[PDB]
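First the structure, in the form of structure tokens, and then the observations on it.
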Amino acid sequence: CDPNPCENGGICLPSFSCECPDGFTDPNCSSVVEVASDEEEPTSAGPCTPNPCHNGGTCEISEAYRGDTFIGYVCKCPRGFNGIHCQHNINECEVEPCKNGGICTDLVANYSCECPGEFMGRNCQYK
Ligand SMILES: *[C@@H]1O[C@H](CO)[C@@H](O)[C@H](O)[C@H]1NC(C)=O
Ligand SMILES: *[C@@H]1O[C@H](CO)[C@H](O)[C@H](O)[C@H]1NC(C)=O
Ligand SMILES: *[C@@H]1O[C@@H](C)[C@@H](O)[C@@H](O)[C@@H]1O
Ligand SMILES: [Ca+2]
């Protein structure tokens, strides 16, 4: 058995199948067995509910620590955004795309340029 497919410490026999110890269940001994008091015990919703991600990000379960805290998810950001929660509109003016003294304005996944006189072009690249 490739080294352990089974989480929670279930023993694996061969493609592969896992003997689940007392309290665990498929898939790969990752799930829950219960009795009466378990229901009426408060459920936690997932790390993705409610959605932690802003700006249209996609929350995904992952092996993720912020510092020494296991947060168990990451946010997949759309073009133009970043940050742990996708909270940041990326500043596309940081890398100074407007040349020859042009002034950059920031847009979602884009920028535009106002050109000092006699310079022209999308990037002010032309004199
Ligand atoms: C916005 O970004 C797209 C993608 O690069 C680009 O083709 C387009 O020129 C931009 N829109 C503007 C500012 O005209
Ligand atoms: C888990 O907790 C949330 C918080 O209110 C909801 O009550 C949810 O309904 C619970 N889980 C289940 C079993 O639906
Ligand atoms: C998850 O990924 C992010 C980046 C967006 O594409 C969402 O539409 C999708 O659900
Ligand atoms: Ca931007």
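To be explicit about the labels: the chains of the structure tokens are called A, B, and onward in the order shown, and within each one the residues are counted from 1, while ligands get numbers from 1 in the order they are shown.
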Checklist entry - Counting only C-alpha atoms and all ligand atoms, which protein, DNA or RNA residues come within 9 Å of ligand 4, given as a list in words? => result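 After applying the 9 Å limit, what remains is residues 80, 81, 88, 89, 90, 91, 92, 93, 105, 106, 107, 108, 109, 110 and 111 of chain A.
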If you keep C-alpha atoms, can you produce a file of those selected residues as an mmCIF file, in the first residue's frame?
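Done, and the output landed in result.cif:
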data_model
loop_
_atom_site.group_PDB
_atom_site.id
_atom_site.type_symbol
_atom_site.label_atom_id
_atom_site.label_comp_id
_atom_site.auth_asym_id
_atom_site.auth_seq_id
_atom_site.Cartn_x
_atom_site.Cartn_y
_atom_site.Cartn_z
ATOM 1 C CA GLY A 80 -7.169 41.655 -11.226
ATOM 2 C CA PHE A 81 -7.508 40.692 -7.533
ATOM 3 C CA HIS A 88 -7.339 43.806 -2.993
ATOM 4 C CA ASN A 89 -7.820 45.300 -6.363
ATOM 5 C CA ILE A 90 -4.265 44.840 -7.708
ATOM 6 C CA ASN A 91 -2.556 48.128 -8.452
ATOM 7 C CA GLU A 92 -1.659 47.921 -12.089
ATOM 8 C CA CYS A 93 -0.078 51.328 -11.836
ATOM 9 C CA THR A 105 -5.310 55.294 -13.770
ATOM 10 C CA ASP A 106 -6.160 51.926 -12.250
ATOM 11 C CA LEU A 107 -9.012 49.704 -13.536
ATOM 12 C CA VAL A 108 -10.050 46.131 -12.767
ATOM 13 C CA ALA A 109 -7.370 43.928 -14.430
ATOM 14 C CA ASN A 110 -6.373 46.946 -16.507
ATOM 15 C CA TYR A 111 -5.157 50.573 -16.494
#
Output as a JSON list (two decimals) with N, CA and C atoms, in the first residue's frame all residues of segment 26-71 of chain A that backbone DSSP marks as strand (DSSP E).
[["chain", "number", "residue", "atom", "x", "y", "z"],
["A", 58, "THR", "N", -13.12, 32.18, -5.43],
["A", 58, "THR", "CA", -13.67, 30.86, -5.19],
["A", 58, "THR", "C", -12.97, 30.23, -4.02],
["A", 59, "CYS", "N", -13.74, 29.91, -2.98],
["A", 59, "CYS", "CA", -13.20, 29.23, -1.82],
["A", 59, "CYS", "C", -12.99, 27.72, -2.09],
["A", 60, "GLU", "N", -11.81, 27.23, -1.74],
["A", 60, "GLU", "CA", -11.48, 25.82, -1.88],
["A", 60, "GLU", "C", -10.86, 25.29, -0.60],
["A", 61, "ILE", "N", -11.34, 24.14, -0.15],
["A", 61, "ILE", "CA", -10.70, 23.40, 0.93],
["A", 61, "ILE", "C", -9.27, 23.07, 0.56],
["A", 65, "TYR", "N", -2.38, 27.08, 6.30],
["A", 65, "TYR", "CA", -2.16, 27.73, 7.58],
["A", 65, "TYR", "C", -1.91, 29.20, 7.33],
["A", 66, "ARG", "N", -2.57, 30.04, 8.10],
["A", 66, "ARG", "CA", -2.21, 31.43, 8.16],
["A", 66, "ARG", "C", -1.44, 31.54, 9.46],
["A", 69, "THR", "N", -2.06, 29.05, 12.58],
["A", 69, "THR", "CA", -3.46, 28.62, 12.57],
["A", 69, "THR", "C", -3.83, 27.82, 11.31],
["A", 70, "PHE", "N", -4.42, 26.64, 11.47],
["A", 70, "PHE", "CA", -4.87, 25.90, 10.30],
["A", 70, "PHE", "C", -6.20, 26.49, 9.87]]
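For the atom pair formed by atom CA of residue 98 of chain A and atom 13 (C, counted along the ligand's line) of ligand 1, the distance is 11.6 Å, given to one decimal.
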Determine, using only C-alpha atoms and all ligand atoms, which residues of chain A have any atom at most 6 Å from an atom of ligand 3, and tabulate each with its shortest atom pair and distance in Å to one decimal place, rows ordered by chain and then rising number, as JSON lines.
{"residue": "A:56", "atom": "CA", "partner": "ligand 3", "partner_atom_place_in_ligand_line": "7 (C)", "distance": 5.9}
{"residue": "A:57", "atom": "CA", "partner": "ligand 3", "partner_atom_place_in_ligand_line": "3 (C)", "distance": 4.5}
{"residue": "A:58", "atom": "CA", "partner": "ligand 3", "partner_atom_place_in_ligand_line": "1 (C)", "distance": 3.7}
{"residue": "A:76", "atom": "CA", "partner": "ligand 3", "partner_atom_place_in_ligand_line": "4 (C)", "distance": 4.7}
{"residue": "A:77", "atom": "CA", "partner": "ligand 3", "partner_atom_place_in_ligand_line": "4 (C)", "distance": 4.4}
{"residue": "A:78", "atom": "CA", "partner": "ligand 3", "partner_atom_place_in_ligand_line": "4 (C)", "distance": 4.0}
Next on the checklist: What does the structure give for the distance between atom CA of residue 123 of chain A and atom CA of residue 97 of chain A, in Å to one decimal?
Outcome noted: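 According to the coordinates, atom CA of residue 123 of chain A and atom CA of residue 97 of chain A are separated by 6.5 Å.
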Checklist entry - Using only C-alpha atoms and all ligand atoms, which protein or nucleic acid residues are at most 6 Å from ligand 2, as a list in words? => result residues 43, 44 and 45 of chain A
Same residues, N, CA and C atoms, output as a PDB file, in the first residue's frame:
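Result file result_18.pdb:
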ATOM      1  N   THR A  43     -23.595  22.158  14.839  1.00  0.00           N
ATOM      2  CA  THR A  43     -22.785  21.937  13.653  1.00  0.00           C
ATOM      3  C   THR A  43     -21.988  23.187  13.367  1.00  0.00           C
ATOM      4  N   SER A  44     -20.741  23.011  12.964  1.00  0.00           N
ATOM      5  CA  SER A  44     -20.021  24.126  12.385  1.00  0.00           C
ATOM      6  C   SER A  44     -20.219  24.003  10.879  1.00  0.00           C
ATOM      7  N   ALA A  45     -20.407  25.132  10.205  1.00  0.00           N
ATOM      8  CA  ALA A  45     -20.421  25.097   8.755  1.00  0.00           C
ATOM      9  C   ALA A  45     -18.961  25.036   8.312  1.00  0.00           C
TER      10      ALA A  45
END
Item to check | residue 116 of chain A environment, 7 Å, only C-alpha atoms, sequence neighbours closer than 2 positions dropped, as a PyMOL selection string | outcome: chain A and resi 101-102+114+118-119
Item to check | Option closest in space to residue 125 of chain A, from A:99, A:63, A:113, A:85 [counting only C-alpha atoms] | outcome: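 Using only C-alpha atoms, residue 125 of chain A sits closest to A:99.
For the pair atom CA of residue 7 of chain A and atom CA of residue 47 of chain A, the interatomic distance is 19.4 Å.
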Item to check | Spatial neighbours of residue 46 of chain A, max dist 12 Å, only C-alpha atoms, sep filter under 4 positions, as a PyMOL selection string | outcome: chain A and resi 50-52+59-62+71-73
I need the residues from that last selection saved to file as a PDB file, in the first residue's frame (with C-alpha atoms), if you can.
ATOM      1  CA  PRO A  50     -20.200  31.649   4.570  1.00  0.00           C
ATOM      2  CA  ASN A  51     -17.836  32.414   1.641  1.00  0.00           C
ATOM      3  CA  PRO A  52     -14.754  34.108   3.021  1.00  0.00           C
ATOM      4  CA  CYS A  59     -13.201  29.225  -1.820  1.00  0.00           C
ATOM      5  CA  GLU A  60     -11.477  25.819  -1.880  1.00  0.00           C
ATOM      6  CA  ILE A  61     -10.704  23.397   0.930  1.00  0.00           C
ATOM      7  CA  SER A  62      -6.927  23.137   1.214  1.00  0.00           C
ATOM      8  CA  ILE A  71      -7.499  27.632   8.211  1.00  0.00           C
ATOM      9  CA  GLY A  72      -8.113  24.726   5.806  1.00  0.00           C
ATOM     10  CA  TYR A  73      -8.996  26.774   2.713  1.00  0.00           C
TER      11      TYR A  73
END
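The shortest atom-to-atom distance to ligand 1, with only C-alpha atoms and all ligand atoms taken into account, belongs to A:79 out of A:100, A:79, A:22, A:95.
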Checklist entry - Which residues come within 10 Å of residue 20 of chain A, counting only C-alpha atoms, excluding same-chain residues fewer than 2 positions away, as a PyMOL selection string? => result chain A and resi 6-12+17-18+22-31
